[PDB]
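Everything on this sheet refers to the single structure shown next.
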Amino acid sequence: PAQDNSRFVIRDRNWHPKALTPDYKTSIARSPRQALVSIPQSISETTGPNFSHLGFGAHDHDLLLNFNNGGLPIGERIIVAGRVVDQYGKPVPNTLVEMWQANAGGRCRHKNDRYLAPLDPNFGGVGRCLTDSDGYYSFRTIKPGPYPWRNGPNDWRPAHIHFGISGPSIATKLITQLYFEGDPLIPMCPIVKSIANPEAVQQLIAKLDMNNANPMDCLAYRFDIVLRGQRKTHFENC
Amino acid sequence: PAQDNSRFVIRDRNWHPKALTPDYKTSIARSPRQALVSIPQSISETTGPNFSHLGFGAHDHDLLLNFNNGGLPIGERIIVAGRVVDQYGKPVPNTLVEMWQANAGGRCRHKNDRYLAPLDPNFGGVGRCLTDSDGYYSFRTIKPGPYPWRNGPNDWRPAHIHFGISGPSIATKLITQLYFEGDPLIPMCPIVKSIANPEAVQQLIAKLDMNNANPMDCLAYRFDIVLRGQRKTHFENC
Amino acid sequence: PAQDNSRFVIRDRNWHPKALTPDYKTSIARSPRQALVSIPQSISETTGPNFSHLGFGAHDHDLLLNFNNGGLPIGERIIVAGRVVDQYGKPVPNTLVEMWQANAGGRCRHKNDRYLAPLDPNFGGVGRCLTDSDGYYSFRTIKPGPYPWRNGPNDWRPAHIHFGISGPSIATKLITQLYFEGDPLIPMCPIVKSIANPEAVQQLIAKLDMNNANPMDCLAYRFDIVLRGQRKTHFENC
Amino acid sequence: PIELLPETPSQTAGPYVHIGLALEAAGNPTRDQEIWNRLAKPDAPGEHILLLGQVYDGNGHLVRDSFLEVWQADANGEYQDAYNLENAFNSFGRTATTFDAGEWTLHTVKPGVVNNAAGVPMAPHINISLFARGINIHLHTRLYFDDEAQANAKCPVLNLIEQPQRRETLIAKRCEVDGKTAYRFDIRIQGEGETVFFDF
Amino acid sequence: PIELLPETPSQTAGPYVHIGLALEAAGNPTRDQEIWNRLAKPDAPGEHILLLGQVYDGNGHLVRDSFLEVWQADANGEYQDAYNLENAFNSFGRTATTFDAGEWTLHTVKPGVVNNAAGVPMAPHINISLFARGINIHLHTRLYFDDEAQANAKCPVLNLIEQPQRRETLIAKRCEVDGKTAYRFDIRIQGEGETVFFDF
Amino acid sequence: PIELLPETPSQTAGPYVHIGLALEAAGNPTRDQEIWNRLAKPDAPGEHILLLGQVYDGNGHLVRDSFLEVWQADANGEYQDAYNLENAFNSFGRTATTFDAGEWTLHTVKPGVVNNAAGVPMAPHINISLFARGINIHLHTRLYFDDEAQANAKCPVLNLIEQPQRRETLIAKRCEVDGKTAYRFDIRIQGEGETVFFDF
Amino acid sequence: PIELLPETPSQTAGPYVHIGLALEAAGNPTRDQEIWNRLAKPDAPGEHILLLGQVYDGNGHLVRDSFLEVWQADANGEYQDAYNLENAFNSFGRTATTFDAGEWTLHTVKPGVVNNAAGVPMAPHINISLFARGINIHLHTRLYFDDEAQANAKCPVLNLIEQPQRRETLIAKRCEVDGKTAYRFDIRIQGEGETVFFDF
């Protein structure tokens, strides 16, 4: 079983988006009004699941083939790859990255999305990948398109991919979103504006990576994720 | 019949791309080596066809419906509108605007396009519109995607739509391409780079136009087009 | 036998010198006028000789001792050393670095060199070296002198050393020239100026390295050499 | 001051979080292996319990698109970190409240006692992280049991909460569902009765 | 000096110009009305001819994807600008050389004479703009006929060309194609025999 | 977009490239071991052949100072990357055209067939890199054999070259020099009959 | 992106709004023609009705200085835009709550049905704009009727309000005031039972 041998750097809650961000409307009735209580780190917060033995299917990170109904998805073919490190710059090997996203027109494969852009019979939109020894992960997919949503009267979410990352503990787990370099919708989005600092928004922007693209085939973006920094305990209970 | 009352501002051949731009490889064997011969404007040059009487089908400008074979194309739905003026700022009414493009994955519907992204059964990629009295045109299409082409070993053209505008005369006619605000492929493309001045490159870039978008349905881009200035003749043959 | 497991980042041909650079006269007739043809990387392109078992002489890297006819050469005694890394900064181990230069007066030990600075009886000017596991090489030699050549009526090459590096394949192979920090002849050379970008010329200037000099013995210069980055293949043929 | 690299900032999981992580609950086809609400298989050691609840927004309406992730020790108070579908007990699991299930549920065992960093026992508890559209960064809380009153009262984590009335919002109320021992635990996000949330 | 809005820059038509302006020639479904290579219906005044040719690159190789738009006077030396599929004669038209048909063709009547601006008559001529992958801005040229050497020697435009050997590259050679008067105009983009191109 | 460290820029090899890479050709004493022009020892498996050619500049004059590196598979279509002068066959070698030898020559065997990355066979070929004074960056080419026309016709690289006339410039012509199988492969750098060069 | 001229920013109407828009309400001499609270003269077609209500701030206190404006369809469901005191029915009025009268009233007819932009009929309704000191930019709401239950269930605009409990704040209650058919519509600006407000 898991041992309590690490502490995690504290979160900077003025860097992350706060809970109450009124232009993102649903945040109004879903944000606490009392202050969070701070508690020290114990074995509960410092351990978490390890997925090295989950049995991944062979196409799990390849969204051009894992849904497959006899053919390929329509849309821009792209590899989305990067590394996961901690704040000390140390790779985070064998971690689980999960990601889900729309199709080329912005439609999500879900009961409630009645957007009028159609479904793509060959695309499902889900991937998972355990990072290697070196913190690397990779997916293959199509570039999702933007979608309108019911926030203000003409709001468009920019193109995006949702990421879920586990890290070494429930203290490091994070859910975030990846945007795409140059999308002119990035700065008008209320969800992206829920992040107050413009340099915190830049880290959510995936950058075109020509170096990792397959010539005559697909482009590549690079997206690197930094999790809370991990350190050994020291001078504790004297 | 047609009358000689107009003279057109001389094309600036340092603003348009030059004929030999070696990085764009097919220009090497297709560029003349002699100089062009400059000739004064006569009626052969200042006249041209007026297509006010062509018989436009009712979806000629609508790519979402014009190919039709069951449904709607898969892709970001956008409207591409703008105005066609001359260099003096005058509108150019009832002039012909033709456009064609690839589908959401970068595939052209043409026998010679062997790229592996697939064809979209509901999409063709051609439209035409005749500007209204004020010089306006609009299309409804899907954003197209980048395609790799064999110039250099990993060249990718940016997402683009081709344009063909007649104007008031064969002197003014032009064919060009529209690029999309923010696409990071633009500064890398040798076809974009055949234009030496960067301010000229800016004029090809459609801009996101949230004021023209239909909420809950499609985005809009604005793309205005400037044809050679037209003037009355003055003090000619004394 | 050699296996097809790596791809190499494409060359930037606008960073490297273009073929036709008229001020370097000899390039006018020796440059092609058709466009090169891009071909995808196969086993023919991604493999190359490995020289680990080439029998090297004990002084093959020391030009102070490898020609020797009873003495030491005349000129400034210098160590030229550095690291060979690919564009990802990964060292290139056991790779063959070869170099050749003039003597201290600019005279080349070659039948067709007729310049009047005299030959140096203890100096050949040829050296080779296998980089170590960490990508380092060093040569010990004397600083070459500049020499006139017949290009324009008063053209002088700056002091330089020629260098060839094999790399892990025939796609990484590169012949280049090392120049010396602060030499005023460098911006006037038409062969150095065949490189259009000034940041690229900088990459060929070896910098004085006091920390590597042998006090009371010889100065040192540091020349690091970057080869096309190498990466594993991914999502190829599906 | 020493600055390290900054963490990647959080964004809301969004309304469609079920497609990437609650595959079944979105009625999309599953893969061979999914992480879900069955922490203990029927033959794992311990006292088997079923947990259930609802989540509320601050107007008191139901949050039907929330997604939860739980981490608890086994009955011996040990955290089982090697996640495997063959093990009898896994310390991690995921559940969700859907348009068709206003309620989440989890099947597990009552966790055993673990100590904090200073050596002091914590009352049995289950760590909960709550994600949903509208929540920009996830919410941390702890579920405790109403039948462990004495341990709950000496708990060094529950005793950091200043006001006694706030400590109650973390206490799941025992009940029974078809002969099986169940505990309910509603979460109020905002308002009157606001569940305590943590930062660590 | 006075500056105006700059003209929009030109870009090559690309290799797929056909899908946009030669629907038929790229074997794709046509619309009702398409602007094509038959400038004259058979009931039209004038001498009916048939124009044809090939475009070569500088290596001597066929350019198989070019596209050409033509503008000309009818038999009476008048430009008919009111394009309509019903007119017996249209002053405008479009043709293309394809992979399947490596030579373009046009069906029209030989044009009547028009005057320059100074009132001086020009030899009968067709105004041609050429487009293709590889050509960043389109090429203007004029086609003249070999059997009109008295007019071709007086033409104020042919006489602007300094060198007479270059004037010959603008003169189409008379022939017959299943006894129907035809003229052949081959365009050499670059090199030995290079066609003259104009600027205006 | 992601920039990596830029590649060191190339520079010409210069007139005296022989002194450091072709010791014997420049008539300077050699070392124990030299990478030279004999890729096969008399007992290596395969058809032994002799390779020869000349190099021409754009004015049809002879380049007498070029240097050439060759890379090819052995007779069983395999690349021998461990260079050792004791091998019966080395896949690498070097040669040169000198003020004395206008012609270069290489002694080796005909390569077997290797596949491209997609699994398709390529026709037997030998990869060449040409270096010289006036060349700023080296030129890459392939040498294919006229007696392999069927495999040449379906080579997928040879097939990337658009014009058929240009494919022939890469085809070496079978001859007999002192009753030994020889093929001549001349390189035209510039102008009429300009060899195809590649980028990869 | 394309930026247009920005609209002139709003400012609160301030406590004295009655002096410029509700002249009799503020006890000042009126002009000949005033825009007021009687949309229908008595001979107009339709069900005549009296609408009344009160406006409450977040503390439950009455807003005695509010100013409102209504826009509605006539009994056929048509909007009459040409405002004229001579007409029988006018689609616009104005009203106010004063320190004297804590309640506003309007005299008009029940609006008929109008379709949205996709052609799906909306329940009958009255558009309201609320102004007052303290309100930086006006609040847009809709008044609907309790006796149009069948139609209120299928209204596409009311079905845009996600929570059923909130749609009720938009429903006016049927009553009688002096033998006339009356609907009471109170507006809660803030707090418990807050009226839904729209953006468009």
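In this document, chain identifiers A, B, C, D, E, F and G correspond to the written order of the chains, with residue numbering beginning at 1 in each.
One rule holds for everything that comes next: a residue touches a chain if its C-beta (ideal position, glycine included) is under 8 Å from a C-beta of that chain, and two chains touch if they have at least 3 such contacts.
*Asks:* What chains touch chain C and also chain E?
*Replies:* Looking at chain E and chain C together, the chains touching each of them are B, F.
*Asks:* Between B-E, B-G or C-F, which shows the same interface as A-F, counting it as a repeat when over half of the contact pairs match?
*Replies:* B-G
*Asks:* Would you kindly tell me how far, in whole Å, the mean C-alpha position of chain F lies from that of chain E?
*Replies:* 47
*Asks:* Which integer distance in Å separates the CA centroid of chain A from that of chain C?
*Replies:* Going by mean C-alpha positions, chain A sits 45 Å from chain C.
*Asks:* Please compute the C-alpha centroid of chain D, do the same for chain F, then give the distance between them in whole Å.
*Replies:* Computed from C-alpha means, the inter-chain centre distance equals 69 Å.
*Asks:* Pull out every residue in chain E that's touching 2 or more other chains.
*Replies:* 59, 61
*Asks:* Give the residues of chain A touching no fewer than two other chains, as numbers and ranges.
*Replies:* Those would be 153, 181, 184, 188, 207-208, 210-212, 215-217.
*Asks:* According to the definition of touch, which chains form touching pairs?
*Replies:* A-B, A-C, A-D, A-F, A-G, B-C, B-E, B-F, B-G, C-F, D-G, E-F
*Asks:* List the residues on chain F that touch chain B in their complex, please.
*Replies:* 1, 160, 199-200
*Asks:* Which chain B residues qualify as touching chain F in the complex?
*Replies:* Its residues touching chain F are 150, 152-153, 184, 188.
*Asks:* Which chain C residues qualify as touching chain F in the complex?
*Replies:* Those residues of chain C that touch chain F are 1-2, 4, 9, 11-13, 15-19, 21, 24, 26-34, 36-45, 47-57, 60, 85, 87-89, 98-100, 108-113, 124-127, 162, 164, 170-171, 173-177, 191-192, 194-195, 199-201, 203-204, 225-229, 233, 236-237.
*Asks:* Please give the residue numbers of chain F that touch chain E in the complex, ascending.
*Replies:* For chain F paired with chain E, touching residues are 163, 165.
*Asks:* Quick check: in the complex, which residue numbers of chain B touch chain C?
*Replies:* 22-23, 25-26, 28-29, 150-154
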